[PDB]
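A.B. asks: Enclosed are the sequence and the experimentally obtained structure.
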Number of protein chains: 2
Amino acid sequence: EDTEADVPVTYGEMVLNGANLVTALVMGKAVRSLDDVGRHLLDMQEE
Amino acid sequence: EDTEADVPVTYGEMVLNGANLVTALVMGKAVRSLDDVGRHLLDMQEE
């Protein structure tokens, strides 16, 4: 026995909100954290 | 034969920027004025 005790956590979560909602019902697709992916792709060509 | 002239225009250009650049790369889908279409769709579900 290391220990009868432990430290569990609570459920994650996600939704289609800002740009994920638009594309889902317009382009028909969606991505985890499109805001992030979008920020990092655009910024990446600004160095 | 009527007046030879015309009130002719120039050319209209459409570019990939911002939202539809990210989605064109990530989702491979491009759409016209996605920024405008996105505005209204996020609008019309709010009073």
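C.D. replies: Yep, that arrived. Numbers count the residues shown, from 1 in each chain, chains lettered A, B, ... in the order given.

A.B. asks: residues from chain A in reach of chain B?
C.D. replies: Contacts of chain A with chain B, taken as C-beta under 8 Å from any C-beta of the partner chain, map to A:18-19, A:21-23, A:25-29, A:31, A:34, A:37-38, A:41-42. All C-beta atoms are positioned from the backbone trio N, CA, C, and that covers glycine.

A.B. asks: Residue A:9 - how many residues pack around it?
C.D. replies: With neighbours defined by other C-beta atoms under 10 Å in any protein chain shown, the count for residue A:9 comes to 5.

A.B. asks: Kindly list the main-chain dihedrals of it?
C.D. replies: phi -120, psi -170 (degrees, to the nearest 10).

A.B. asks: If we go by neighbour counts, what in the lengthiest helix in chain A is buried?
C.D. replies: When chain A is parsed with DSSP state H, its longest helix is helix A:34-44. With burial defined by 16 or more other C-beta atoms under 10 Å in any protein chain shown, the residues of helix A:34-44 counted as buried are A:34, A:37, A:38.

A.B. asks: so who does the first one touch?
C.D. replies: Contacts of residue A:34 were listed using C-beta atoms under 8 Å, 6 or more residues apart in numbering or on different chains, and they are A:18, A:19, A:20, A:23, B:22, B:26.

A.B. asks: Equivalent analysis for the second one, please.
C.D. replies: Each residue near residue A:37 by C-beta under 8 Å, 6+ apart is listed here: A:31, B:22, B:26.

A.B. asks: Distance from the chain centre to stretch A:9-16, please.
C.D. replies: From the chain centre to the centre of stretch A:9-16 is a distance of 10 Å (C-alpha atoms, centre = their mean, to the nearest Å).

A.B. asks: which residues touch that stretch?
C.D. replies: Against stretch A:9-16 from outside (C-beta under 8 Å, 6+ apart): A:24, A:30, A:32.

A.B. asks: Could I have the buried ones of the contacts of residue A:34 as PyMOL selection syntax?
C.D. replies: Filtering those down to the buried ones (16+ other C-beta under 10 Å) takes a single PyMOL command:
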select buried, (chain A and resi 19+20+23) or (chain B and resi 22)
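
A.B. asks: Helix, strand or coil: sort out residue A:24 for me.
C.D. replies: Classification of residue A:24 by DSSP: H, G, I helix; E, B strand; the rest coil places it in helix.
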